[PDB]
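In UniProt numbering, the protein residues as written are 36 to 149, 157 to 250, 263 to 505.
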């Protein structure tokens, strides 16, 4: 069971098209303006319109499929010393499973989860995260038995250690605004225990729940999704090599008909604007490279690029030892190269070096630059970009002025608990609601988001 259960959970974290489509693509992806153009993403994610199913899909599927399995693994490997390594792996898994959850809904059932479980305060959920990652790092050992059913890493515990520490750093940075002391402490700890050391250590699912769920969303939108004008303009105007690794060129001209010499080939779709409303029609906007949208497209969970960019930010705060600029450079290069696993033509080392050296970490714009780079690195993992945007306010997004925006253009700052919780778990539901100021609304804030 432990192996099979681990494999099932790992496959649920990327192959469940149900919430990859709704939570990653449509809402997170539209909120942080990774995408625009398709009906679903633009109408609901880009312009801000509520659909209960879309907002509660992550909740429903994490509690139905994932949390329970990983709890059962932890329970069944708990006192067997030849299973300790599995016990640790499962615990690391459990953080990755639950972290998205709290980050999207705030206070959530955790400690009593997996008939009326309480909602843990997010602060406690996070202390519990740090505890499990710390202890799980230490617990992974040569004498811990073998790890079976691991698709991320085929049971290499050395990679599990660094995954544990990189997750720890991600959580540390996420509470930088609300709990700076704990944040620094945990960043430093993560750094010294050892995070990812190259792109080889990246947490990936290779798809051969068996297909990439995100691509499932891309395909159910009838390949109607484009990158947003914000992203394309940023990649194009700064000469980022990732531009053509990600985007397909325009085929039509803004003036209609086939595109002629001289006219810009790379433009995204403005947030709030459907692809058929583009001046020139949808051909007059860049598309998404086909290898990114396949059932066999790999899914990236945690990255070396991310760890280096987070270390850049911690460095700039004086939390860890080193040069922010050097961490930053290593992060950008790692992000440019991480796209290769998607089937993208590797960028020449000369172009990477040229880009990195032409636009280094600058004097008063470190946080802006770091946020923007992470926002690029978290592409196809929009939940993380949405969180990092909520925490830092970076990158600055294009204003949403659509007259039918249900928030008047205000970015939603959480998704909301399903009303089923009010009907089946009323007391605890209401306690969490009270702690939010009296509402279960998408304009509410999670604990670490202290404007």
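By construction, the Cβ of each residue, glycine as well, lies at the ideal position given by its N, Cα and C atoms.
- Per the DSSP secondary-structure output, residue 62 pairs with nothing in a beta bridge.
- DSSP assignment within the region 393-420 yields the following whole alpha helix (DSSP H) runs of 4 residues or more, N-terminal first: 403-412.
- In this structure, residue 326 and residue 81 form a Cβ contact; the two beta carbons are roughly 5 angstroms apart against a cut-off of 8 angstroms.
- Per DSSP, reduced to three states, the secondary structure at residue 179 is helical.
- For residue 233, the enclosing alpha helix (DSSP H) covers residues 222-235.
- For residue 189, the CB contacts under 7 angstroms within the same chain, skipping 5 residues up- and downstream, are 120, 121, 124, 197 and 199 in chain order.
- In the three-state reduction of the DSSP assignment, residue 184 falls in the coil class.
- Contact check for residue 381 against residue 366 passes: the beta carbons are separated by less than 8 angstroms.
- A direct Cα-to-Cα measurement between residue 203 and residue 437 gives close to 23 angstroms.
- Residue 266 holds the alpha-carbon nearest to the alpha-carbon of residue 348 among 415, 266, 408 and 482.
- Excluding the 5 residues flanking it on each side, residue 414 has same chain C-beta neighbours closer than 8 angstroms at 379, 382 and 383, in chain order.
- Take the alpha-carbon of residue 213 and the one of residue 372: they are about 17 angstroms apart.
- A distance of 8 angstroms or more separates the beta carbons of residue 354 and residue 385.
- Taking one beta carbon from each stretch, the region 291-300 and the region 74-94 have fewer than 3 pairs nearer than 8 angstroms; the two do not touch.
- Residue pairing by DSSP puts residue 312 in a beta bridge opposite 306.
- Where residue 209 is concerned, the enclosing alpha helix (DSSP H) starts and stops at 199-216.
- Residue 328 has its alpha-carbon roughly 13 angstroms from the corresponding atom of residue 68.
- Here the region 473-489 makes contact with the region 161-180; the two share three or more CB pairs at distances below 8 angstroms.
- Of all C-beta pairs linking the region 87-101 to the region 52-59, three or more are shorter than 8 angstroms, placing the two stretches in contact.
- A Cβ-Cβ separation of about 6 angstroms places residue 40 in contact with residue 107 under the 8 angstroms criterion.
- In the DSSP assignment, residue 189 falls outside any alpha helix (DSSP H) and carries neither an H nor an E.
- Fewer than three Cβ pairs drawn from the region 306-316 and the region 436-454 lie within less than 8 angstroms of each other, which leaves the two stretches out of contact.
- Within 10 angstroms of the beta-carbon of residue 419 lie fewer than 16 other beta-carbons, which makes it exposed.
- From the listed residues 276, 470 and 476, the smallest Cα separation to residue 58 is found for 470.
- Residues 119 and 120 of the same chain have their beta carbon placed closer than 6 angstroms to that of residue 186, with the five preceding and five following residues left out of the count.
- Between the beta-carbon of residue 268 and that of residue 60 there is about 6 angstroms, and that keeps the pair under the 8 angstroms contact cut.
- Secondary structure at residue 490: coil, using DSSP grouped into helix, strand and coil.
- With contacts defined as CB atoms closer than 8 angstroms, residue 178 and residue 109 fail to qualify as a contacting pair.
- Shown here, residue 139 sits in a helix according to DSSP, grouped into three states.
- Counted as a single uninterrupted DSSP element, the alpha helix (DSSP H) harbouring residue 106 occupies residues 102-111.
- Residue nearest to residue 63 within the set 456, 498 and 444 is 444 (criterion: CA-CA distance).
- For residue 52, the secondary structure class from DSSP, reduced to helix, strand or coil, is helix.
- The C-beta of residue 144 has 16 or more other C-beta atoms within 10 Å across all chains shown, which makes the residue buried.
- Around the beta carbon of residue 389, 16 or more other beta carbons sit within 10 angstroms, so the residue counts as buried.
- For residue 231 and residue 135, the gap between their C-alpha atoms comes out near 22 angstroms.
- Annotated as proximal: residue 454 and residue 463, with beta-carbon spacing under 8 angstroms.
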